[PDB]
Every structure is written in structure tokens, then in C-alpha cells.
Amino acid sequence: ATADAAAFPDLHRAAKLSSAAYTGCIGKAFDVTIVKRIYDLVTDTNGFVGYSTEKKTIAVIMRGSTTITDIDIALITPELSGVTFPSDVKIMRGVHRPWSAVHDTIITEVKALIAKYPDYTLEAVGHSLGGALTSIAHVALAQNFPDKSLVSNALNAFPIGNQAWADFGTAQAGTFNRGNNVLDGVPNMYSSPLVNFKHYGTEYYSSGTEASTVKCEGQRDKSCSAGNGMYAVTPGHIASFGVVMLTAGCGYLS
């Protein structure tokens, strides 16, 4: 890993937006005006779609679980509208199922927003399960909207598929970032050789400050999550880039 303080402001924003999704902010989440509220009861999938006039983006913000204290890790062949998966790609059902429940609703709203704001770029963000969802959202958006710039920020996320999945994620135009925190073992789930799920993207890592922010080398840099000695839901999971989930508020008076 190498120092990359310059990465911190965008990841800090991503963490604020992710916190807003847990809070259930009304009208807006910081600079994002929320135009559509995404909800699936059975999969408890929640999130927001909207636009930022400040950033000139159309944003998909996914919530994590309402509890972190079960998830289906059976690998399945995924199927999503507007996405063409190679035959060997497999994703865990516990992420494909909730995403597939909301996929068409999200794509439809993004397409409507693109018509209204045709110069805006795309972004996707979320924390924990919301970050795992963002790792599929990245591919859904890249495949459905190949003429749009795209940046996705998955925070504190576990990996969701096999090597063919990770390779397919890497193949997409657009930038997928995995922003992780000290003292959090969730990104280390499913790393055992017998299970062998694979990350993609560029990992960034911090202890909550700009100065501590690094850009990691490869998927499992031992200076970042892979080396932190943690597994699953440990104390650092609740925070990302200086934001403790649920404590950011909404930016109402900013």
C-alpha cells in the first residue's frame, strides 16, 4: 500500500451517503437529491436513487442490513436485464437475490434521470451488505449504460463471487473502489481456500483520517484488510473513512 490522502475526501463522502441510507434521510442525502426510494421487504433491500447538481452525478445508494449480528453463500448463475454474464461467472445467492429484486426498478429510474440530466455521470455507493450490493450495481450500471462514466464505492464489503465474477467486474469500464476500515474483518470473509470468493476493484484503507488513507496493492494487500487479523463483524465494521454509520445525519443544515 502507499499513502493516498487525496482519495480520502471522496471516500469520506461515500461513507456519509452510506450512513444516510441507514438513517433513511428525507428528501436529500447530503448533496444528493433523492428521487426514488428503493424497497424490497422480503430481502430487506433498501436504498435511494437520485442526482447531485453539485457533483453532476446520478447516484444509487444502497443500505446495508438493519442488523449485523445467515447470508446465503451458495454460488449461482446470475441473470440481470441488460447484463451479459460469461458462462463461468457465479455470484452468491445472498447478494444476487436482493439485487435482482431491485435491479429493474433502479435501472428504470437511472434511465429516467439520464434523460433529464444527460451530462451527468453515474455513481453507486453503500456500506457492508450495501457495499456488496454496490459491487453488483457497478456491473449492472456499466452494462446497461456503457456510454456513461461510472465510479462505484463499496465500503466495508465482503467479496461476492468466484474468480470469473471478479474478472468480469474488472473488465467493466468504470472505476470500482473498495473502501475499508481498520479493525474490520468483513472484507476477509470467504477468503479461505475452500470457499475462495474473490474481490475486484481498487482497495483503499484508513483508520478514519485523511493522513492514514492508503491505496492498496492488488486485492489482498497485507497492509490493508487482508492483513488486519480480523474476521467478520468486529468493532471497526461500523465505521468507514471517519464516519460511524447512523451518526452522519443527512446534511440538512449544510
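Residues carry their position along the shown sequence, with the first being 1.
When 52-60 is weighed against 23-31, 23-31 comes out higher, by mean CA B-factor as recorded in the entry. Mean C-alpha B-factor is higher over 71-79 than over the other stretch, the pair under comparison being 133-141 and 71-79. The entry assigns its greatest Cα B factor, within the set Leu122, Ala171, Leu155, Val102, to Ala171. Across the options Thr202, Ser225, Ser192, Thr45, the residue with the most elevated CA B-factor in the record is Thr45. Ranked by C-alpha B-factor against the other modelled residues of its chain, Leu17 falls in the lowest third. Among the modelled residues of its chain, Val233 has a C-alpha B-factor that falls in the middle third according to the deposited record. Ranked by C-alpha B-factor against the other modelled residues of its chain, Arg178 falls in the lowest third.
Per the PDB record, residue ranking by Cα B-factor puts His127 in the lowest third of the chain.
In the PDB entry, a CA B factor belonging to the lowest third of its chain's modelled residues is recorded for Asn188.
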